[PDB]
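Quick heads-up: it's one chain on its own, the form deposited in one PDB entry, in structure tokens.
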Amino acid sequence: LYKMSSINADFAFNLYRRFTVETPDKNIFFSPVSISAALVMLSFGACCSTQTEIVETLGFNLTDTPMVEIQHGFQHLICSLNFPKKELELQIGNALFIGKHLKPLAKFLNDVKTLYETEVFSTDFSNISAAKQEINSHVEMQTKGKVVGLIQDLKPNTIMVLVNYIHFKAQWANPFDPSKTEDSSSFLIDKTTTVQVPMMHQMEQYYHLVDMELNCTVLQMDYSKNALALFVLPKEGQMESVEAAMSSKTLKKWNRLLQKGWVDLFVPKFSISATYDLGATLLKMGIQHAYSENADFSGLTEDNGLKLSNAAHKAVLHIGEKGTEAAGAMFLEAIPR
């Protein structure tokens, strides 16, 4: 419901915080919905503690939201996100690359295809090089060329890869005039160091606030339809404290407090990318049995013949005068159990 949105948001912020620990004072950029979607999809085929660990790690309490409701919730979410929207490109889909010799349950396959935007491909993982290339170029195509080389290394014993992809392209409700963009303006990257970036500039009415508790400025920039960007600008030295406070509760607070008024606004034009090896992180967060010799994916294949081995994510962002283009992909790799 809006219950799910609250849970998924808090998962995003907790995972975000894990990243600030693994790569401190560095660019962070990921798609929470992509990561959550891949794991939920994996959970559809899992049983018992293997299944429950995955959803609990995603933030859910199975007393509050039974397994079945979580499944239906995520199927509804991905359907809604993919629903045609004028002036907005947003697609999120998944692909299952199944080994030639695996015995996937027709139930699992029919379910993910009908209910979870899944394309299924029979894959010859005995040519591990060609398989890696096939999967990479499919993710590349589905992300409109924006996510290149998702998979760097694929284990020779790989017998299944689950991939989720997201592509987003939208125009600002109020685009910037490139004739007002300063070619070269300073951006502070640490206390004593600046980099030069093009700085877009406009004066318009925007929803905004100063959080008096957190000492950050929050700025909402709408896209032309069904979407928005939130920029959170901490006071000097206050990034750590703002990061600690990010939560669904904090977003709900801001939603009430944001007020539309005139702002003389300067936003950088830039592109960034980020990659994450997620195997160890997901284990630490509580996904354990999925990796073990006693992994229970009895809902996926006839012979419960696999276990999770690797996971990784790549995401890219561009912001310019016209709008924003962002893409991401998540993969989970399985080997014989």
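What we label the rigid core is the largest C-alpha set whose atoms superpose within 1.5 Å from one form to the other. Position 1 is the first residue in the sequence shown; the rest follow in order.
The same protein also has a form deposited in another entry, omitted here; what follows describes it.
When the two forms are overlaid on the rigid core, CA displacement between this form and the one not shown of 2 Å or more is confined, within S179, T193, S122, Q196, to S122.
In a rigid-core overlay of the protein, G73 has its C-alpha displaced by under 2 Å between this form and the one not shown. A movement of the C-alpha atom of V139 falling short of 2 angstroms is seen between this form and the one not shown when the two forms are aligned on their rigid core.
Remark: with the core as the superposition reference, the CA shift of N94 between this form and the one not shown reaches 2 Å or more.
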